[PDB]
Every structure is written in structure tokens, then in C-alpha cells.
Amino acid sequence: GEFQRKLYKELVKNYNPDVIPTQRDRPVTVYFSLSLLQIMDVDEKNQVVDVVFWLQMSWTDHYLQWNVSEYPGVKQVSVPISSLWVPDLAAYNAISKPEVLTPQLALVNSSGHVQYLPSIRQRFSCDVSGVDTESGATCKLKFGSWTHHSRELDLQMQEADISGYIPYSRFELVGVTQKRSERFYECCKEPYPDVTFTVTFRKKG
């Protein structure tokens, strides 16, 4: 639409993706969930698991709201993430950079609510030695902001799903849990929340 150009133009001049959109005495709440799609491989020598997963990330950016009457037909837009502030969520125990599989686009509606749903493949340090047993091997995937504490970035978890897990895999799921925690570090007196996805899996047969 013609308004669409107008909207994106405003994004270039009148917005900074480096600025965390906190609002006085209020952190930015980001919602986070992980859906495991496939355990690609394990390395029992190097203690690594290779996984493909779908992240669901959402938050409100008050700077990203616009007036519907000003851009009539425009309700939500598809935006390159590079143009937007994005939570600096890090995989604490990853041992490779993430490979993002999908278009690096996010949805933004007129209230400034952003959803970023990337599919990702990444390797993680894990004790995978129990993988050929009945109890399986348990890998914890730990995520959290690298630089923002809880009063600036309130990480919350959404309910996760094993429904997307590939059925014809050589690994079967014995269990999964997802939990939010909040721990202090020696440096700063503010805590840093984390969301941990724990998967227990074993070889079929």
C-alpha cells in the first residue's frame, strides 16, 4: 500500500534499533519459547549435540506503535530484524554460531508488538554419554540476555511444544522441561533471568 512506504520511511529516520525500549520503572518483557524440530546428531567424543529448533520471541516496543488513522489499511508489517531493536538473547552453552534457516523478518503490529519466529540450527556442549541407554542423555539448552538484567529485560517463557518434532528421527524424546530461573552473578547486584530447555533423549532400538 501507499501508506506502507510512508510507514517504513519513518522507520529509517525516526527510530534507533540500538535502544532498548524500556519505559521508566518498567523493563521490556520478552516472551520466549523453543520448539525442538530435530536432533541432527551427537558427538560422544567431543560432547556436543546438534539441534534444529524453532524459537518464538515476542515483545512490545512502544517506539514501534503507529496511528491506524494515519496509515489506514496497515495493521501489521513484515520488517527486517536489522531495522528493529531485538533482545540480545544468547545461548549460554552453545559452541557454534547459530545458523538461521528462515527469512530474518519479524512481524510488527500498530501497538508496536513484535514477533520474531526463526528456525535455527546450532550445536551445544552436552554430556551425551547416556544416549544409548533407556534413561537417555539429558541436554540443557540455556538462554538469556547477554547484557540486560531483569529490571531492563524481563525474560518470560511461553509454553513449548514437541508437536513439531520429526517422527522418523533416530532419536526419541524421553522427556522435556522448560523453566525460567533468575540468578545473581558476582559483579552486579541485579539478577539475570534465564530460560532453560531440558531435553532427555535416546537412540531408537
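Whichever C-alpha set is largest while still superposing within 1.5 Å between the two forms counts as the rigid core. The first residue of the shown sequence is 1; numbering continues from there.
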| item | value |
| --- | --- |
| Core-aligned Cα RMS comparison in 4 other deposited structures of this protein - stretch that moves more, 5-13 or 20-28 | 5-13 |
| 67-75 against 101-109 - segment lying farther from this form in 4 other deposited structures of this protein (CA RMS, rigid core fit) | 67-75 |
| Between the two ranges 116-124 and 72-80, the one averaging a larger CA B factor in the entry | 72-80 |
| Per the entry, higher mean C-alpha B factor between 95-103 and 125-133 | 125-133 |
| Highest-ranked of 148, 26, 62, 142 once sorted by CA temperature factor in the record | 26 |
| Residue 196, C-alpha B-factor rank within chain (lowest, middle or highest third) | middle |
| Residue 174, C-alpha B-factor rank within chain (lowest, middle or highest third) | highest |
| Third assignment of residue 43 from its chain's C-alpha B-factors | middle |
| Where the record places residue 55 (Cα B-factor, split into thirds across the chain) | lowest |
| Cα B factor band for residue 162 (lowest, middle or highest third within the chain) | highest |
